[PDB]
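Here the structure is laid out as structure tokens; the discussion comes afterwards.
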Amino acid sequence: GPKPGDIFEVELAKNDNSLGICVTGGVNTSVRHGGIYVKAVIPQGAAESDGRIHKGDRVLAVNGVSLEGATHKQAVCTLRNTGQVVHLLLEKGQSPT
Ligand SMILES: *CC(=O)Nc1ccc(/N=N/c2ccc(NC(=O)C*)c(S(=O)(=O)O)c2)cc1S(=O)(=O)O
């Protein structure tokens, strides 16, 4: 799989055009790599069931848009204003940085 600090792309179906995942960080605030960290993944959802996502990993860009520096609210707004499948780069947030 992707190594710690390795950038990987994943495609996830937003599932019934609505997702409702959660995040934290963004504005380079307290969280280690300043990124959006996946604060919570709902179970039974696309993110969980597809397994391209887990808590602790961080989102880099959403649909191309460099999301780093974007706020935690803007993070999810950006995940909303996607198409059917969400293309978004993650970086492993396992890395104790
Ligand atoms: C999921 C969780 O634990 N916390 C959470 C979830 C969602 C939000 N804010 N969502 C949101 C969605 C859309 C927009 N604007 C658009 O036009 C796309 C906004 S904004 O306008 O406020 O940027 C926000 C917040 C939170 S929080 O953890 O309570 O911040």
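Counting with our numbering, you get residues 2 to 98 for the letters of the sequence shown. Backbone N, C-alpha and C fix where the C-beta goes; we use that ideal spot for every residue, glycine too.
What I want to know is whether the C-beta of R59 ends up closer than 8 Å to one or more non-hydrogen atoms of ligand 1.
If you number the sequence shown from 1, residue 59 lands on position 58. Because no heavy atom of ligand 1 lies under 8 Å away, the Cβ of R59 does not count as near it: no.
Using only CA atoms, which one of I43, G6 and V32 lies nearest to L20?
Position 19 of the sequence shown, counted from the first residue, corresponds to residue 20. Nearest of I43, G6 and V32 to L20, Cα basis: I43.
Using DSSP with H/G/I as helix, E/B as strand and the rest coil, what is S50?
Taking the first residue of the sequence shown as 1, we reach residue 50 at position 49. Correct three-state label for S50: helix.
Along the chain, where does the beta strand (DSSP E) containing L89 start, and where does it finish?
Mapped onto the sequence shown, residue 89 falls at position 88. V86 to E92 is the span of the beta strand (DSSP E), which, as asked, contains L89.
If you measure from each residue's Cβ to the nearest non-hydrogen atom of ligand 1, which ones come out under 6 Å, in chain order?
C23, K40, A41, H73, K74, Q75, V77, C78, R81 and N82
Name the DSSP beta bridge partners of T25, please?
Position 24 of the sequence shown, counted from the start, is the residue given in the question as residue 25. Looking at the DSSP assignment, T25 forms a beta bridge with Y38.
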